[PDB]
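Single chain ahead, by itself, as structure tokens, in the form deposited in one PDB entry.
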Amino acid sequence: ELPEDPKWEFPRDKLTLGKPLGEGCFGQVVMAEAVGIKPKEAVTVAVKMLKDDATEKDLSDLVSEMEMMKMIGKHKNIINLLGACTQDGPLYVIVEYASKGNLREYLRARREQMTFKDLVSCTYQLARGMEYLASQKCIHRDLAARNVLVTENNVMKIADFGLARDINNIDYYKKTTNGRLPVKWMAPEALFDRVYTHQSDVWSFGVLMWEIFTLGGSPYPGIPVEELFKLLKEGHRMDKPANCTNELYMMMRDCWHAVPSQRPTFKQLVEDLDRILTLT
């Protein structure tokens, strides 16, 4: 059924599936080996594919993710699309491999020992990735620690574009009902007003920072998602994590302004975060 794309197509015989990296929401990812880089030698990659119980939504999400990674482009703070097996056979999305795993699990481990200087660097990389994304006119809609992978040598890479959208010409004003996004990372306009913008992503980024500075802590601790709907309206916000500069918490609190225009842009988070690193 799927159409063809010559520039991205990759021969099935040059791929050898292996150890399953983990099951997802609309499929699963397994470790693999692919012959084709321009050296033409075996480099380790990750292959996202469907399961037996796949639904049409699962199918459409994975295809969407493949199509998003193509328009986004090449960047070091995001996982790059290497190749894909679409023609005659099961869909395979070939992306780069991240040896350390996901940011959440990574952080919760080292609590060798990790430093504060690292956390600011870690956050800065992510700010850079999101700045680029926003420049490409793409809204992620699912920014979280679990969705950030870390390779060998510790490079921060934003992953999982199954829910991302192309905002180049269309913004989906009053069309995005956002019922499939995790509530604890959603901005108020996303939850109640049927809209999603770059400013909505900065809110989520704010929550991402909290996860980092708590070493993989779960947002709104002790507060179930079901009561968060009214609390968010009341103006409730999370408090400062013991192990965070008073300048950092103000950045978080800034991403959490009820009014979208009053929140900082990703370019701003880049400049300000760059400053703090130099003075660390």
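Note that the rigid core is defined as the largest set of C-alphas that superpose within 1.5 Å between two forms. All residue numbers refer to positions in the sequence shown, first residue = 1.
Keep in mind that the form deposited in another entry is not shown, yet the notes after this line are about it.
Large C-alpha shift between the shown form and the other one, rigid core held fixed: of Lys74, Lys117, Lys175, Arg180, this applies to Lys175 alone, with a displacement of 2 Å or more.
Cα of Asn169 to Cα of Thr86: at least 3 Å shorter in the other form than in the shown structure. Relative to this form, in the other form the C-alpha atoms of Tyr196 and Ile170 approach one another by 3 angstroms or more.
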